[PDB]
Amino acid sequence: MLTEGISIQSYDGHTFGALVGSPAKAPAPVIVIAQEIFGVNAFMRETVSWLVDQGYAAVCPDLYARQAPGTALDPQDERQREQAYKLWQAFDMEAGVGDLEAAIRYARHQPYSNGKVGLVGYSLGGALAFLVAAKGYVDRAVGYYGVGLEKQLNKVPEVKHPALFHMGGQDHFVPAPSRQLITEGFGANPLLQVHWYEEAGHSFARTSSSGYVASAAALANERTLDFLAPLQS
């Protein structure tokens, strides 16, 4: 689902929609939410809802719109998971960073905006949050279980604004040697924080996942809220 009528334009001219939640009280900082591999679906709407209840406005852009606008897949339907994996394999990461940059600019200028913008991404959106943190587009970025982070560590010194990452210790995408490289690499830049949740794997913060772990979701989420709180007026 997207908010009808909302259109954001990327630097290259491509336009796409977004699910937007205005804040309970304005002005308010705006959080851009970077989707998992399933499009803008129930978990995105639940996240927009959660962040508005916590005092933010939120914008979740349709990142798969360069491939197929309006994709919203059910993570529990096997056929749709197959379609999600196909979309992810074809996804242009650099264009996704550019689309997020455009959603971040949009977020800075809504009537309800206090001028500060944060970014929270999950899975695919978690990998994109690191790349956005290296570009410096937002005041603070958060990523939950992005894949392939160990391949992007040369960008660590590029990060110049705070970024927080939540990683599942039992995530099969991150074997022990990868977790060690990430830990060592992040340690060289104090603006980066990465926390490991030992009893959780991928997607641990989504209730519909067979990998949901309530205790790790709750700890990670409270750390996310404490980390974004300084953006509030």
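Don't overthink the numbering: it's just position in the shown sequence, from 1.
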property: Residue stretch of maximal mean CA temperature factor, 12 to 20 vs 216 to 224; result: 12 to 20
property: Higher-B stretch (mean Cα B-factor, as the entry records it), 22 to 30 or 196 to 204; result: 22 to 30
property: Out of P177, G39, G169, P61, highest CA B-factor residue; result: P177
property: Residue of maximum C-alpha B factor among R140, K151, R81, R105, per deposited coordinates; result: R105
property: Chain third (lowest, middle, highest) by recorded CA B-factor, residue given as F186; result: highest
property: Chain third (lowest, middle, highest) by recorded CA B-factor, residue given as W88; result: lowest
property: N114, C-alpha B-factor rank within chain (lowest, middle or highest third); result: highest
property: Record-listed C-alpha B factor of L231: chain third; result: highest
property: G98 - Cα temperature factor, lowest/middle/highest third of chain; result: highest
